[PDB]
Amino acid sequence: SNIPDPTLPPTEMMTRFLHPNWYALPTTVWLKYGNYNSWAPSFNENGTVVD
Amino acid sequence: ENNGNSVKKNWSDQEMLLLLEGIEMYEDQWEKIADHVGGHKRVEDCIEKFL
Amino acid sequence: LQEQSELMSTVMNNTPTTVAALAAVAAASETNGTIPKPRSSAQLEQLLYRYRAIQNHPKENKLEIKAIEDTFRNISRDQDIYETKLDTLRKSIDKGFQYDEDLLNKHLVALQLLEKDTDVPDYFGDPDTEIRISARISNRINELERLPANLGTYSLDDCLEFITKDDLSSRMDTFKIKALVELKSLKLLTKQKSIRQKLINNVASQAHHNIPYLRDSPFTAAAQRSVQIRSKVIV
Amino acid sequence: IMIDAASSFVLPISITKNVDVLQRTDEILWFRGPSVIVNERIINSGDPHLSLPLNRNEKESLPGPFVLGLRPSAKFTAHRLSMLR
């Protein structure tokens with residue numbers, strides 16, 4: 001066969017799984033304009049899931 | 001033996017070894033594994049048996 | 001230098017008299033580090049019987065015969081020690097104890113499992129411990145790969161079949177198939193790992209189109225909506 | 001070293017008049033080599049005629065080949081034929 005031996009350094013089977021319950025969700029984007037612009041729209045939200 | 005076996009999901013050692021010969025033979029093609037078991041076992045059952 | 005196995009090598013080659021290990025202070029005492037009091041029942045004790053019976057003819061070139069005969073006194077003593085101790089055991093038995101069966105059931109089962117080195121239930125990452133798993137797997141493959149290919153069985157049920165001189169009873173290969181399912185499944189282990197890698201990472205990589213309570217959650221249904229927002233056209 | 005040699009041959013003359021005992025095709029199979037006659041399949045790996053211990057020119061005409069074949073007693077076979085029905 002073309003099988004490898006099971007005493008190989010790959011015997012891990014869970015390394016790069018990354019369930020979609022651990023995925024990063026797009027949240028609100030707090031912006032900064034300057035030091036003396038306190039009348040600017042302070043953040044940005046296009047398609048964010050939370051407020 | 002050459003006769004047809006019992007009701008399925010029994011998996012006698014003739015069916016188990018002839019499954020184990022085919023994965024050492026072919027490493028894929030579960031059509032070519034299922035007839036090597038005897039042809040009375042589905043493709044959907046040998047992978048369900050192997051895993 | 002394996003003094004107890006060089007005598008077995010001299011016995012298996014049928015020439016333990018032509019050399020006879022050349023017993024001096026430089027040879028008989030170098031492989032011993034007094035003979036080291038062998039361990040087996042008779043596999044290393046019948047060797048010392050023939051080693052003395054062969055070295056009865058030189059009887060003076062080999063000074064280690066006194067070291068062998070001293071352990072012959074120790075073997076006859078400890079057998080005599082046990083034979084008095086077995087007799088004092090068989091009188092020290094209480095005439096009523098009534099040994100419980102279900103503990104002897106737990107004593108016959110757990111002794112049989114501990115004989116051939118398997119895990120016994122009580123009923124009474126981390127690559128350091130990953131090598132200690134695969135060192136027992138490779139232990140098993142190298143033990144299955146030393147059995148002879150012409151292994152046959154004998155059940156107690158063949159006497160109803162009346163097997164002739166040449167009848168080819170159908171229960172001859174009921175141990176040979178089980179020894180090759182075991183030996184070949186211990187080599188396709190990284191083969192089902194690759195399928196189970198391709199199985200888990202195909203049913204769980206979506207995780208929100210088939211699972212109902214996850215696709216009916218607020219955060220997932222909003223996010224799947226949010227990624228499908230088409231771009232706004234300017235003017 | 002090849003595997004797919006024939007090793008089984010048939011003469012074209014149909015001589016199937018006194019041939020009911022041999023191995024037929026269903027014509028007569030004529031192999032390339034003779035047969036193998038084996039006395040017994042199961043060996044008795046104990047039995048010190050074969051084991052040869054290293055303790056203590058003698059001959060022994062043993063009765064037949066059935067010493068080395070692991071046969072059961074008729075008492076148990078009657079105990080098993082009573083276990084039959």
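Residues numbered from 1 in each chain as written, not as in the entry; some residues may be left out. Chains lettered and ligands numbered in written order. Part of a larger assembly, values for the part shown. Heavy atoms only, no water. Residues with missing side-chain atoms left out of burial classes, pairs and counts.

The deposited coordinates for this entry were obtained by cryo-EM, with a reported resolution of 7.55 Å.

Chain C has the name Nuclear protein STH1/NPS1 in the PDB entry, where Saccharomyces cerevisiae is given as its organism.

With the PDB entry as reference, chain B is termed Chromatin structure-remodeling complex protein RSC8, source organism Saccharomyces cerevisiae.

1. Here's the deal with helix α1 (residues 13–25) of chain B
Taking 1.5 Å of rise per residue, the 13 residues of α1(B) would be expected to cover 18 Å, and the 17 Å separating its terminal C-alpha atoms lies within 8% of that figure. Of all the residues in α1(B), the buried ones are B:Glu15, B:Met16, B:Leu17, B:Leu19, B:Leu20, B:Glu21, B:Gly22, B:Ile23 and B:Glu24. Along its buried surface, α1(B) packs onto α2 (30–37) and α3 (43–50) of chain B together with α6 (178–185) and α7 (189–203) of chain C. One or two steps after α1(B), the chain reaches B:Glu27, where phi turns positive at roughly 65 degrees. (Helix = DSSP H or I, 4+ residues; strand = E, 2+ residues; numbered from the N terminus. Expected span 1.5 Å × (residues − 1). Buried < 20%, exposed > 50% of the residue type's maximum accessible area, 1.4 Å probe, protein only. Contact = heavy atoms within 4.5 Å.)

2. Focus: the nonpolar core
Of all hydrophobic cores here, the largest spans 15 residues; its most connected members are B:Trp11, B:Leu19, B:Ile23, B:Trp30 and B:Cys46. Other than its neighbours up to four places away in sequence, B:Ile23 contacts A:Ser1, B:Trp30, B:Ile33, C:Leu188 and C:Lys191. Among the nonpolar cores identified, the runner-up in size contains six residues, and C:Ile35, C:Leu48, C:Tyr51 and C:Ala67 belong to it. (Core = buried A, V, L, I, M, F, W, Y, C linked by side-chain atoms within 4.5 Å.)

3. With respect to the arrangement of the chains
Contact analysis covers four pairs of chains in contact, and the most contacts occur between chains A and C. In this assembly chain B lies apart from chain D, the nearest approach of their C-alpha atoms being 18 Å.

4. Focus: the pattern of salt bridges
Counted according to the given criterion, the structure contains 18 salt bridges over all chains. The salt bridge partner of B:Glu24 is C:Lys184, with a shortest N-O separation of 2.9 Å. Of this pair, B:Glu24 sits in helix α1 while C:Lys184 sits in helix α6, which puts the two residues in different chains. Take B:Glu24 and C:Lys184: they sit in the same class, and that class is buried. Because the salt bridges share partners, they merge into one network encompassing C:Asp157, C:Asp158, C:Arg171 and D:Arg80. (Salt bridge = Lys/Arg side-chain N within 4 Å of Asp/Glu carboxyl O.)

5. A closer look at the interface of chain C and chain B
Taken together, the contact pairs 14 residues of chain C with 11 residues of chain B. Buried area between chain C and chain B, summed over both chains or domains, comes out near 1200 Å², and the portion from carbon and sulfur atoms is 72%. Inspection of the chain C/chain B interface yields two salt bridges. Here C:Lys184 ties to B:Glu21 by a salt bridge, and the two come within 2.7 Å at their closest N and O atoms. One can count three residue pairs in polar contact joining chain C with chain B. Taken together, the elements giving at least two residues each to the side of chain C that touches chain B come down to α6 and α7 of chain C. Class assignment for the residues of the side of chain C that touches chain B results in six nonpolar, three polar and five charged. (Buried area = accessible area lost by both parts, 1.4 Å probe. Polar contact = N/O pair within 3.5 Å; in protein donor to acceptor, adjacent residues only side chain to side chain. Nonpolar A, V, L, I, M, F, W, Y, C, P; charged D, E, K, R; others polar.)

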